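Single chain ahead, written as structure tokens, the form deposited in one PDB entry.
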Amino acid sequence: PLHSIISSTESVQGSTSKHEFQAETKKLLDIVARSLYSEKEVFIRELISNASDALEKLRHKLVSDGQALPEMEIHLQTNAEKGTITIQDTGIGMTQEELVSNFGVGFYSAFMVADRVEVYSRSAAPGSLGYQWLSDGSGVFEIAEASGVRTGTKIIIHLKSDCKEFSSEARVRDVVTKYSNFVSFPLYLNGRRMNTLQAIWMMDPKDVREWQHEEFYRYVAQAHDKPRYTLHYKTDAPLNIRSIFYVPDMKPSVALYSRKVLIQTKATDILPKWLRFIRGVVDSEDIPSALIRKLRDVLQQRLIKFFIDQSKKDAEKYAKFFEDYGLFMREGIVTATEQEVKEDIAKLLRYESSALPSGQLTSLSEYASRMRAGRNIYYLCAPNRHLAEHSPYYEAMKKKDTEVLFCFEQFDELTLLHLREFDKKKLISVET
């Protein structure tokens, strides 16, 4: 059964007071209309966003007053013959003052694809009047008092003669499923429900449980396994961040959202290249490939700290993790620039030692703890534990009461060599 809300109930009795766009608003209007977004199809996205916030404020208000909740829904409709696309929401509306004046600039994106825009809106405030708002992208909009306007906002877009594609149910479905699959209010396209997914990264980390994480993981990783690691990172402090990061059970990307709406699917430069094995999502208000940097840096710091924490609370699990993904960590160490970056990532490294039984691992930072003040870090990055336990260059350190690290692969040694020093303090093989 079809669930539609959109019908033409509106009528304007009197006439329209014409209104000129102010200098500043007309400018930015034009720049949104032809110089702000790259893709045409994000007008649907931004409009849905505005509908979402309208519904959210209606809800917040009604629940605050303790009054019942009505249908809080976003409805989209396409009309091929009349060449339109309509988006209606039962949210909070706009007063006359707001319509005349006017998060929420996104609305003007409508003019990238439209030759005429027709909007009906009635505020949720008691005893409110509905209003019509007309514009053609010029400096002039008409305004009128209308009737047959349901509470909430109705936006009818008349499409440019070449922008007609967004009057097809298919294309619009694809755009909606691509950008707004996590919108927090029910969304209908020509009567059919669309969004079914829950932006669990906005939830409170304690309120999410493994089945949800596995679901979302198999969504954003396009995978069929489970995450061996899950970080749920929220911060308002230096920058607004709502992110979830997964490390697959499998052995060998991150999506960029903002305000629960998609911006970048294969959001590449959000993380260091050595963390490109991580799966998941990052949501931040602060996103419009020029400066996404201070984001990448604190995501790197946080993630590194996470893998360290995980090191301390489970060691064999982190051991297997180091076996399966230590490649990326070595690579990232060699690829870095500043020493303390290299050492930050180096804090994720695990190798055998003289003092530990065969298989037991430590990091550079750790058993530099029996290490008496000076001094230096020595290693021997051999082919075998046996062959290194009874290697001449090593017993040169056996009873000179000193600790020696054991590598068994060349890439470990090359990495250690490039590292040169860790914590002001140098690394050199016992073969020199």
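Note that residue numbering follows the sequence shown and begins at 1. For the two forms, the rigid core is made up of the largest set of C-alpha atoms that agree within 1.5 Å on superposition.
In none of the other PDB entries of this protein that model the residues around it does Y229 lack coordinates, well short of a third. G374, though modelled here, lacks coordinates in at least a third of the other entries of this protein that were compared and that model residues flanking it. Going from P392 to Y393, you skip over nothing: the modelled chain follows the deposited sequence without a break. Unmodelled deposited residues between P252 and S253: 10 or more, per the record. Per the PDB record, of the two stretches 233-241 and 104-112, 233-241 carries the greater mean B-factor over its C-alpha atoms. Between 46-54 and 33-41, it is 33-41 that carries the larger average Cα temperature factor according to the deposited entry. Among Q132, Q300, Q88, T337, the highest C-alpha B-factor in the deposited entry belongs to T337. You'll see in the entry that, of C163, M329, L187, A125, the Cα B factor peaks at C163. Placement of the Cα temperature factor of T16 within the chain: middle third of the modelled residues, per the deposited record. The PDB entry assigns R59 a C-alpha temperature factor belonging to the lowest third of its chain's modelled residues. Sort the chain's modelled residues by C-alpha temperature factor and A355 lands in the highest third, per the entry.
When the modelled residues of the chain are ordered by C-alpha B-factor, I6 sits in the lowest third. Annotation for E214: CA B-factor lies in the lowest third of the chain's modelled residues.
Beyond the structure shown, there is the form deposited in another entry, which is absent from this document and is the topic of what follows.
Comparing the two forms between this form and the one not shown on the rigid core, the single residue of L299, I244, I345, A110 with a CA shift of 2 Å or greater is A110.
Comparing the forms between this form and the one not shown on their rigid core, the Cα displacement of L364 stays under 2 Å. Put the two forms on the same core and the Cα of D207 is off by less than 2 Å between this form and the one not shown.
For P272, a C-alpha deviation below 2 angstroms is recorded between this form and the one not shown after rigid-core alignment.
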